[PDB]
Amino acid sequence: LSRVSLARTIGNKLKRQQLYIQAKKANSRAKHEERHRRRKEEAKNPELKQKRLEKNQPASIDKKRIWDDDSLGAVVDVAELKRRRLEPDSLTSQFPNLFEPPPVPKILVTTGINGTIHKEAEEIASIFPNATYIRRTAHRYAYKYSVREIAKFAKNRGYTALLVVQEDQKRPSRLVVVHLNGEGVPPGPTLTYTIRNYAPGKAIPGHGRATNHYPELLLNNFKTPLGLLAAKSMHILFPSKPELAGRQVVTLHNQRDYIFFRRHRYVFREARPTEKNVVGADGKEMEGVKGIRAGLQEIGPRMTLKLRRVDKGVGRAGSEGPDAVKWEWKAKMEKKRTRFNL
Amino acid sequence: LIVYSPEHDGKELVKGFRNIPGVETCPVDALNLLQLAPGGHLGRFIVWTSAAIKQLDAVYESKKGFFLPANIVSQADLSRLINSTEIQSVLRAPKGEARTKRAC
Amino acid sequence: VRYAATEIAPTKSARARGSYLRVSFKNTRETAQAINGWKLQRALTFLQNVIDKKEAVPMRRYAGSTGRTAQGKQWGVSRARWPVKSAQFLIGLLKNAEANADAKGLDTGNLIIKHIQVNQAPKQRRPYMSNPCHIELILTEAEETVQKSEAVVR
Amino acid sequence: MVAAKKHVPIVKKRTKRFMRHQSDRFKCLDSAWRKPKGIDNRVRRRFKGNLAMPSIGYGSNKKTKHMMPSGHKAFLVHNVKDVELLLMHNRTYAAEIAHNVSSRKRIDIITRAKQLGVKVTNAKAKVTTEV
Amino acid sequence: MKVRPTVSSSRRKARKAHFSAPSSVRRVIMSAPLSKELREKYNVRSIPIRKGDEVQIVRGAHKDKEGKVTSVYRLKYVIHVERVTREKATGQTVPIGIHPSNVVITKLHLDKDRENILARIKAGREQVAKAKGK
Amino acid sequence: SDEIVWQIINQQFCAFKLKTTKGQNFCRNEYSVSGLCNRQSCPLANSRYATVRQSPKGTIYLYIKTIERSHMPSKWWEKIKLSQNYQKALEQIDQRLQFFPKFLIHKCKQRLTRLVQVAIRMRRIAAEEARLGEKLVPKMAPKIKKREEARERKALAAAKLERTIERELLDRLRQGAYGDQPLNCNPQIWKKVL
Amino acid sequence: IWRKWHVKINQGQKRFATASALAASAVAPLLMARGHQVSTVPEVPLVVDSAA
RNA sequence: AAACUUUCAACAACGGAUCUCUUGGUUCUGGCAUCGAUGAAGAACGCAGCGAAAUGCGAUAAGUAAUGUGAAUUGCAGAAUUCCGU
RNA sequence: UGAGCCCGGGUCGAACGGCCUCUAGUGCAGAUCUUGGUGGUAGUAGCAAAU
RNA sequence: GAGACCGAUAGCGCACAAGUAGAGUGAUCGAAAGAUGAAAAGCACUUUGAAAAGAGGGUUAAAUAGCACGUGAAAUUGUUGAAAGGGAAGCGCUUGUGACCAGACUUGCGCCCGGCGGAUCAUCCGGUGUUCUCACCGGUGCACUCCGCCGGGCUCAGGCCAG
Ligand SMILES: [Zn+2]
């Protein structure tokens, strides 16, 4: 009953149902008997269990991932390219501003025209250190300011980052990340993402506030040049030197093009008798941290971001050359589940 | 609706327009009301021919026991009937206007 | 707008499901309500005592007067019974949940039953109808509250 | 000055719906009004403290009839052809896009109506703003 | 439209015949078109296929994949072509099902009967072409 | 037969009619000056008629239909191009529709002024949209939305966030990325790290 | 099956209504009224040559 | 305050309603005349590798001959069965 | 006014609607109504045939 | 071969094991019961555990599409949350409190300056189609006329509610 369909062979509902139930009960019975016998043999001999554990591992999309065979379009692992050369310059050339030391960040936060997500946007400004939220209109029938204009205004007043939180269904839906750069450098990359599952700390159970201390960023699993671009943009958005006295972590973990944002705080504590020791991946039971764990209490909002568009200047209206758009997410690109753009 | 004469135009256009979608073909001697007024709505677009016209004359005189009806109205233009010199002369003075002012 | 409370982290949580179980829905509901919201070891010892006739599950909603003993003082309810098969299958299901949590890598010491829901199942078409049940239970490690660092003025 | 014409103030004689008798106590009875036919029913006899009956007296003013609170009458629109039908009379009617209209046709209706000065009641159905 | 009384336009009867046709009728239904060079070499549009035809795919998720026909499953109205396979859960490769209407013939497995079939179809074609022309 | 065609078009059927529940019937004919189906403005029942229409090229024309050319549908309408000056265009409408019914004169004037105002507003909104740089794009399709919802749930389940956060935190503590005398951790437990 | 399906209509009325339909076809606006897209033909009866 | 009872929201159960589909049914119409002692209609028993059901067949038993088509069967086992060929 | 109609949000996957007419197996709370499903009684009566 | 028919409580009792299952001594009575998915690709493997059962993990565009499978109402039930309950509930008119949700006029025309460019501007040239007097193009220019665009300047008008 694995290669043949009872619904397309047996024409009777009740006969098909009875045959299926009898066969599935028989299959479960046989599977449990076989596993019990195999349990007995692996209990009497401990080595064929090890051969089982080295021969059969569960299937994984991450290790079934398909790569291409650096121009910001090919999804190829930068580290793989690096030690293949040993056995990116294109990114630096395309974005010299992003890639020497960056100035101390200053962020201006605003929302869409006549937005109603003021508290959520103020919370985003709370995540981003040295940030100020200012509303866009200040009333219904005001002058409508354009994102190009606000970018120029903030550049002339000395900001370095402009974050725009667009809304839908009175909920934050998109984040446009503009970079103002320094001195005479024109306003640069605009990484637009999609704020999906947004949740405030107030609604988060067991939460807390963030403190004024500068937290350290954990940018996890960014491998393709686009992932490195996004990671460096967030690194520019956050301060370089965290105040380690204020034990706060801001983590962006990337898996299958789904960037996950979380904010927690440290407690490095000894392991309780009922707890485990943090086991290593492929190399379990890390050596050196043998009796100590880390306590995490989420003190920040839950959002998931997914990059859709990065542009050269401040949006499509502002990108003018023959390479106006640098990347655009497409369902044709995401058709195959093993194709990750990151 | 293509109308022809089987006596002079023949029966090849029947198939020629039979294949074309939407268009129909009907002889002049067997005009069909279902095709003349589809769905009860008047004004069917009909592509005629000269033989068809000269045979409409013949068949509509040939129908026995039927005559072309005499209508109860000669000048169909009611605007002509009302806005004419004789009527406007014979009418009396108006007693008011189209929109009457409110008195109290 | 308003935001509903977000779910606890799946890798801080453990889930267990038992469908089409052949135990009375009312008895399972009463036992689940009795053991709801408790410590894992407390619940297991409670159910073992229920089997050993030591501690009684109080009936509140589906209550039929059967026993009026001194074991009902600890709940304040005058009607208490001992659902044997309920206690046994629920022990099995929390053991399955504990195994699942151990596989996920949670601290075995601090599992607490946040959620246990008992629903009715399709009736066993044999007029005498049986009442099977579905039981789903969700467990977590105890919520952790941690220190603040003193805010620095600047 | 972009609004509806000067209009007589909208006065609603009754705002609450007329509820079917005993529809509260029986769920099988829908809340839609059904005139009772019992010879001794209290609601039909119009006793005090019973559900009122619909009447042409409750019927509303003709000048303010079918008018939205903004003062426009809803026009069901399916395309830019319907918008161009509303061309001459936007101060009288407001566009209401049909539910089965696709996203791009919704966008075209919104764009043409904005160019045309026609208010749309549902301009945020399946669209979003992009910079 | 239909004029001959023998032919029927009933969708019910048409579907019944299509789903209960015998194997020869199934072959006739699962005839497939020939490629260009084949069409200008044989003056034929489409012939029924066999197990030894090199075929190219023009429709589906596996478009532009070339291979030799592996089998013709007449019961499911499908054909199996080489190297177009999917892996099951266990990993075993089952050949993916594709339709004669969605494939196009690139090479023919020629025998006496096939040559006779193409000759008959062709000869009819130039017969009627000449009849129309002159 | 104007009265007869009016009766047939109003009492029986009209392919250009869009009757609404709001108490007015709309006429879909492209040459109707008003958007309402009524005797005064029906292009089919009024043999002698006039209309104002705008070409794609921004040019405005006035169209004339007369009963002597009631037939010849290719030739029903005379097209006369109006000037860009509003006052002079109204005057030219006056001469070219002199002796016409007052209703048609009034509605031709109203349609001319409405088209020119619509042109003004279109240019204003084009400038405004240009100066803002914002564009209305469609939202995500429901099938795609289901796709990212399911793949997000699977991705989070495989991601196991807080475990990885602790992963990296302990990795950095072991590699000593917090420096000597870390302010993150207690000196006790630090000696355990040694 | 013995329900009345076919309706008896006087031949005089049928001929009268066919004549009325022909007059309606001769009337030009009625083509638009019935929905026929009639805008490029140079004549609403459109008699074409029997030779062609 | 809890328990219990009532109302509502989210979610989850039960159940198969609504929309959709139809190798079906019903009615009408057209062409033709054909069961059996040379064993009829019908009943039973057997025939397959795995056959429960259904179908086919009759110890030559999912059948043989002959003709036609022209490279299969197919749920699994199978042939050294057959491809310019009675 | 009303029987009802339109839209917004979610689900959902292949057809559907407005108007003019034509047609009818066309509008439900009852009929100790039909079928199906589901409750209180009740985890009660009692372990009785059936199961 | 067809239909202004019925569309799984309908249509023949039977769309599927249907005169089948089943009942009766017997003549006879006689049901219920359709839909995974495009393609089984029908969930590999690890791990619980005696099961028509789970946790991972995988297939699919989607598995809260998993042979209990197109969608999935109401009756009834459970968990969470809010409120209320001194011997009935439920309903009407009218506020108040709390919770959630929505978001008011869609908010512009006109005049006057300076520049720029296009045009029924030019008794300008050429071409085309035509209702033969109306249109549409190609080519020069800006003396006059009219439009816009830019940068100034001034004015007015507006939706609702109170005094
Ligand atoms: Zn009209």
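Residues numbered from 1 in each chain as written, not as in the entry; some residues may be left out. Chains lettered and ligands numbered in written order. Part of a larger assembly, values for the part shown. Heavy atoms only, no water.

Method of determination, as given in the entry header: cryo-EM; reported resolution: 3.6 Å.

Student: Any chance you could explain the overall build of chain G here in plain terms?
Tutor: The helix and strand inventory of chain G stands at two helices and one strand. A compact globule built from 52 residues would reach a C-alpha radius of gyration of about 10 Å, whereas chain G, at 17 Å, exceeds it by more than 25%. For the C-alpha atoms alone, the extent of chain G along its principal axes is close to 50 × 25 × 20 Å. Expressed as a percentage of the 52 residues in chain G, the buried residues total 35%. Within the structure as shown, chain G displays about 3,700 Å² of accessible surface, and the carbon and sulfur contribution to it stands at 60%. (Helix = DSSP H or I, 4+ residues; strand = E, 2+ residues; numbered from the N terminus. Rg over C-alpha atoms; globule rule 2.2 N^0.38 Å. Buried < 20%, exposed > 50% of the residue type's maximum accessible area, 1.4 Å probe, protein only. Areas by Shrake-Rupley, 256 points an atom, 1.4 Å probe, with all protein chains shown as cover.)

Student: So what exactly am I meant to see when it comes to the packing of aromatic side chains here?
Tutor: For any pair of aromatic rings, geometry is given as the distance between the ring centres together with the angle between the planes. Going through the model one piece at a time under the given rule, you end up with 17 aromatic pairs over all chains. Between A:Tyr266 and A:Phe268, the ring centres sit 5.0 Å apart and the planes meet at 50°, which makes this aromatic pair tilted. Exposure class is identical for A:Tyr266 and A:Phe268. Each is buried. Residues C:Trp38 and C:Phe46 carry aromatic rings whose centres are separated by 5.2 Å and whose planes lie at 70° to one another, so their mutual orientation is edge-to-face. By relative accessible area, C:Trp38 is classed as partly exposed at 24%. One aromatic cluster is present, formed by A:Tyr143, A:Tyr145 and A:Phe153 through successive ring pairs. In this structure, A:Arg140 is placed above the aromatic ring of A:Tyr141, and the distance from its NZ or CZ to the ring centre is 4.7 Å. (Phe/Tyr/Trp six-rings, centres within 6.5 Å; stacked < 30°, edge-to-face > 60°. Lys NZ or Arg CZ within 6 Å of the ring centre and 35° of its normal.)

Student: Looking at this model, I keep getting lost on the sheet that holds strand β8 (residues 103-107) of chain E. Mind explaining?
Tutor: Within a sheet, adjacent strands bond to each other through the backbone by hydrogen bonds, running parallel or antiparallel. Residues and elements named next belong to chain E. Here four strands make up an open sheet; going across it, the order is β5-β4-β3-β8 and the pairing antiparallel. The open sheet has two edge strands with one neighbour each: β5 (78-81) and β8. Across the sheet, the mean angle from the axis of one strand to that of its neighbour is 55°, orientation sign disregarded. (Pairing = 2+ DSSP bridges. Axes fitted to C-alpha atoms, helices over the stretch in contact; angles between N-to-C directions.)

Student: Looking at this structure, I do not really get the interface of chain F and chain A. What am I missing?
Tutor: Reports often express the size of an interface as the amount of accessible area lost when the parts come together. Taken together, the 36 residues of chain F in the interface contact 50 residues of chain A. At the boundary of chain F with chain A, total buried surface from both sides reaches about 4,000 Å², with 61% on carbon and sulfur atoms. Of all residues in chain F, F:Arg167, F:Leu170 and F:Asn184 bury the most surface against chain A, accounting for 16% of the area lost on that side. On inspection of chain F and its partner chain A, the count reaches three salt bridges. With its nearest N and O atoms 2.9 Å apart, the salt bridge here joins F:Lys139 to A:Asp168. Joining chain F to chain A, the criterion identifies 14 residue pairs in polar contact. No other element matches helix α5 (residues 161-175) of chain F, which puts twelve residues into the side of chain F that touches chain A. Residues belonging to the side of chain F that touches chain A are distributed by class as follows: 17 nonpolar, three polar and 16 charged. (Contact = heavy atoms within 4.5 Å. Buried area = accessible area lost by both parts, 1.4 Å probe. Salt bridge = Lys/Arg side-chain N within 4 Å of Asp/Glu carboxyl O. Polar contact = N/O pair within 3.5 Å; in protein donor to acceptor, adjacent residues only side chain to side chain. Nonpolar A, V, L, I, M, F, W, Y, C, P; charged D, E, K, R; others polar.)

Student: Explain the environment of C:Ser130 here, please?
Tutor: Residue and element names in this part refer to chain C. The residue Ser 130 is located in the loop between β4 (111-120) and β5 (133-141) in this model. Measuring from C-alpha to C-alpha, the distance between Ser 130 and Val 146 comes to 50 Å, with 16 residues separating the pair along the chain. Those residues in contact with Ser 130, other than ones at most four positions away along the chain, are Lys 123 and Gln 124.

Student: What exactly am I supposed to notice about the nonpolar core here?
Tutor: Within soluble globular proteins, side chains that are nonpolar generally end up buried alongside one another. The biggest cluster of nonpolar side chains holds 43 residues, and the ones touching the most others in it are A:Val109, A:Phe128, A:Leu163, A:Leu175, A:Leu191, A:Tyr193 and A:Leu237. When residues in this core are grouped by element, the largest group, six residues, is from helix α8 (residues 225-237) of chain A. Excluding residues that lie within four positions of it along the chain, A:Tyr193 makes contacts with A:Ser173, A:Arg174, A:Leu175, A:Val177, A:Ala230, A:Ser233, A:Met234, A:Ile259, A:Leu305, A:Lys306, A:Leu307 and A:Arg308. Counting 42 residues, the second-largest nonpolar core is a separate cluster that includes F:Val52, F:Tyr61, F:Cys108 and G:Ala33. (Core = buried A, V, L, I, M, F, W, Y, C linked by side-chain atoms within 4.5 Å.)

Student: I tried to follow a positive patch on the surface on my own but got confused; where do I start?
Tutor: A cluster of like positive charges, contributed by A:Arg140, A:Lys144, D:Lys114, D:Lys124 and F:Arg124, occupies part of the molecular surface. Tracing the chain through its elements places D:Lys124 in the loop between α3 (103-116) and β3 (127-130). (Patch = residues over 30% accessible without salt bridge, like charges linked within 9 Å, V, L, I, M, F, W, Y side chains within 5 Å. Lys, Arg positive; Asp, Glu negative; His and termini not counted. Charge placed at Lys NZ, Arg CZ, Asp CG, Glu CD.)

Student: Explanation requested: the protein's contact with RNA strand I in the structure shown.
Tutor: Close to RNA strand I lie 44 residues, the nearest being C:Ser24, D:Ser60, D:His99, F:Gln12 and F:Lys146. Of everything in RNA strand I that lies within 4 Å of the protein, sugar and phosphate atoms constitute 75%. Contacts to RNA strand I include D:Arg34, whose side-chain N or O atom sits 3.0 Å from a phosphate oxygen. Measuring from a phosphate oxygen of RNA strand I, one finds a backbone N or O atom of D:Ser60 at 2.4 Å. The set of elements that each furnish at least two residues to the surface near RNA strand I consists of α1 (25-35) of chain C, β2 (93-97) of chain D together with α4 (142-159) of chain F. No other element matches α4(F), which puts three residues into the surface near RNA strand I. Along the lines of polarity and charge, the residues of the surface near RNA strand I split into 16 nonpolar, 15 polar and 13 charged. (Near = heavy atom within 4 Å.)

Student: What's the story with the sheet that holds strand β3 (residues 49-54) of chain F in this structure? I'm lost.
Tutor: All names here are of chain F. Spatially, β3-β4-β5 is the arrangement adopted by the three strands of the open sheet, whose pairing is antiparallel. On the outer flanks of this sheet lie β3 and β5 (78-81), each paired with one strand and no other. Taking each pair of neighbouring strands and ignoring which way they run, the sheet shows an average axis angle of 25°. Examined bridge by bridge, β3 and strand β4 (residues 60-65) share six bridges and lie antiparallel to one another. If you follow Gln 54 over to β4, its bridge partner there is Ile 60. The strands that helix α3 (residues 102-132) touches are β3 and β4; relative to β3, the one it contacts most, it runs at about 0°.

Student: Could you clarify how one ought to interpret α5(F) in this entry?
Tutor: In an α-helix, one turn spans 3.6 residues, which is why side chains three or four residues apart end up on the same side. Residue and element names in this part refer to chain F. Between its first and last C-alpha atoms α5 spans 21 Å; for 15 residues at 1.5 Å apiece the expected length is 21 Å, and the two agree. When we look at burial in α5, the residues that qualify are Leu 161, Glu 162, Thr 164, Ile 165, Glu 166, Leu 169, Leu 170 and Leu 173. Once α5 ends, the next one or two residues include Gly 176, with phi positive near 70°. (Expected span 1.5 Å × (residues − 1).)

Student: What exactly am I supposed to notice about the protein's contact with RNA strand H here?
Tutor: Within the structure, RNA strand H sits among 34 residues, and C:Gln120, E:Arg12, E:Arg15, E:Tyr73 and E:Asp113 are positioned closest to it. Residue E:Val72 places a main-chain N or O atom 3.3 Å away from a phosphate oxygen belonging to RNA strand H. Among the secondary structure elements, those contributing two or more residues to the surface near RNA strand H are β4 and β5 of chain C together with α1 (11-19), β4 (66-73) and α4 (112-133) of chain E.

Student: Which parts of the structure should I look at to understand the packing of α1(C) against helix α3 (residues 84-104) of chain C?
Tutor: Helix-helix packing is characterised by the crossing angle of the two axes and by the distance between the axes. Residues and elements named next belong to chain C. Axis separation between α1 and α3 bottoms out at 9 Å; the angle between their running directions is 55°. Classed by the angle they form, the pair α1 and α3 counts as oblique. The handedness of the crossing between α1 and α3 is right-handed. Between α1 and α3, the contacting residues are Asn 27, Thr 28, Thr 31, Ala 32 and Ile 35 on the first element and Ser 86, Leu 90 and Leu 94 on the second. Taken together, the residues of the contact of α1 with α3 break down into four nonpolar, four polar and no charged. (Parallel < 35°, antiparallel > 145°, perpendicular 65-115°, else oblique. Left-handed = near helix turned anticlockwise from the far one by under 90°.)

Student: Hey, could you run me through the arrangement of the chains in this one?
Tutor: When the ten pairs of chains in contact are compared, the highest contact count belongs to chains A and F. The smallest C-alpha distance separating chain C from chain D is 17 Å, and no contact links them. Between chain C and chain G there is no contact, and the shortest C-alpha to C-alpha distance separating them is 45 Å.

Student: What is the right way to look at the side chain of A:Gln166 in this model?
Tutor: Structurally, the position occupied by A:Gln166 is in strand β3 (residues 161-168). Take A:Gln166: its relative accessible area is 2%, and that puts it in the buried class. Beyond its immediate sequence surroundings of up to four residues, A:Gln166 is in contact with A:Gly112, A:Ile117, A:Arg171, A:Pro172, A:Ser173, A:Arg174, A:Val176, D:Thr129, D:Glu130 and D:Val131.

Student: What is the right way to look at the pairing of β5(C) in this model?
Tutor: Looking along a regular strand, one sees side chains alternate from face to face of the sheet. Residue and element names in this part refer to chain C. Burial analysis of β5 places seven of its nine residues in the buried class, the great majority of the element. Of the strand pairs in this sheet, strand β1 (residues 13-21) and β5 are connected by seven bridges, and their pairing is antiparallel. Following the sheet pairing, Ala 16 is matched in β5 by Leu 137. Pairing of β4 with β5, which is carried by nine bridges, proceeds in the antiparallel orientation. What sits directly across from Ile 116, in β5, is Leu 137.

Student: Would you mind showing me how to read the side chain of C:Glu98 here?
Tutor: All names here are of chain C. Within the secondary structure layout, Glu 98 lies in helix α3. One buried charged residue, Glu 98, remains without a salt bridge, the closest side chain of opposite sign being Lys 95 at 8.6 Å. With sequence-adjacent residues up to four places away left out, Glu 98 is seen in contact with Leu 40, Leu 44, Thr 108 and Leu 111.

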